[PDB]
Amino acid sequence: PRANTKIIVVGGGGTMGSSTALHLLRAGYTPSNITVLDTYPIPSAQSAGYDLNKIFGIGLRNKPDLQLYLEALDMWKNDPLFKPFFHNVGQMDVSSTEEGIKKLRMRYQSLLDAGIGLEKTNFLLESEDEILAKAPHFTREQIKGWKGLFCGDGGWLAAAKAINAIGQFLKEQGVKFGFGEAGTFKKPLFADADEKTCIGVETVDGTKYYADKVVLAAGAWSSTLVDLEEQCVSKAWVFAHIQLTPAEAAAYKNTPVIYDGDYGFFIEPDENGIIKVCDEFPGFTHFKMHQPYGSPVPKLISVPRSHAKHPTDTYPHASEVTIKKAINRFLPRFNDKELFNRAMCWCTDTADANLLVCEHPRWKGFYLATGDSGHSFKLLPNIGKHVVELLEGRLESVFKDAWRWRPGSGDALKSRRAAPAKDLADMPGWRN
């Protein structure tokens, strides 16, 4: 039964892992029976979710995406734990190119084709006046030739704060923790030499933890820890910050997230006047020598270069260029603002950008909860619910089928993005 079942959540200080730990508690698992093992205390300083903010927006790329999004939305609006961290300011995608405007229009049509009434809260903006109505900080000259798609249900998420809120609850309830070397997964433990029954994990300090079930929610590190047979390729994206005075920030209060696929995006200034800017690009790998467990030999693998461990890193020179291009596009009045807290942030792509959430094909009792594919912070409130369903054999097929073990199902270096990721070894400037 749930109350007598012991679970280890590897990466439980991160997004999918903390969600999982939360939902084990909500399901009635005994807190002292749950062990979170993360290199960093929750919220993990190297988690992709350890961020001022993230966008919450609708995507309809894969079969489970609509249901997952609606499920998350309901919780971001209505769950008392999560609702303080959702800012429903909406989002406006924009473009001034022929191809970009075509994509905008096709995206809108795809929402409509779901047939559930999404046209009530999503709108094509075909004129300057309509765009300025939603985003009054723009100038008319600035947006000449732009078209927009306004999604009224989205906005932004206070990401680190939300994971911290889960963490405060886990600790209040008496969930057990290991951090540092005692929290850093090294290998699964097995009952027999055939490795068909997982009974726990060993961390790099040698500490052994025994449990009925193990969840590997290690984000961009998952592929380095166990052999995922090239299903997941980890990549970095980048952000920088600029600091506004209260008077500068005033025109941006409650303004929608602004996104252009050719540039990137920015989010409204936070309570301290900070605007985060990201560019848009296919990500950076960091291939290095590494042996994951389950591979008989080392494999070339994209291993995250962790900013928390190496806070003197920033990002490549090429990233400075594209982030400044986004600033010129969206915020040209702030072209002279200094960029700071530049960082790389790590995700792991699958070939089709569906998650990888499944029992290991051989190691019974060991479960994967990863393949975030750079779009899963928005699933913080609900993804753990389905990981628990998977643990219990109750995961419905729409999710189970999409999330299944699937080596050889496509090239995750390119994934659903515009090009195979370039590698940091070829991109000067980030060691700075």
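Numbers follow the displayed sequence, beginning with 1.
For the pair 321 to 329 and 109 to 117, the mean Cα B-factor is higher in 109 to 117.
Annotation for 291 to 299 versus 76 to 84: the higher mean temperature factor (C-alpha) is found in 291 to 299. Set against one another, the Cα B-factors of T348, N122, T224, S96 in the record reach their highest point at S96. Based on the entry's C-alpha B-factors, the most elevated value among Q91, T312, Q168, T203 belongs to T312.
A135: CA B factor in the middle third of modelled residues in this chain (values from the PDB entry). Compared with the other modelled residues of the chain, the Cα B-factor recorded for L391 ranks in the middle third. Split the chain's modelled residues into thirds by C-alpha temperature factor. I7 is in the middle one. Remark: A191 belongs to the highest third of its chain, ranked by C-alpha B-factor as recorded. Per the PDB record, residue ranking by Cα B-factor puts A418 in the highest third of the chain.
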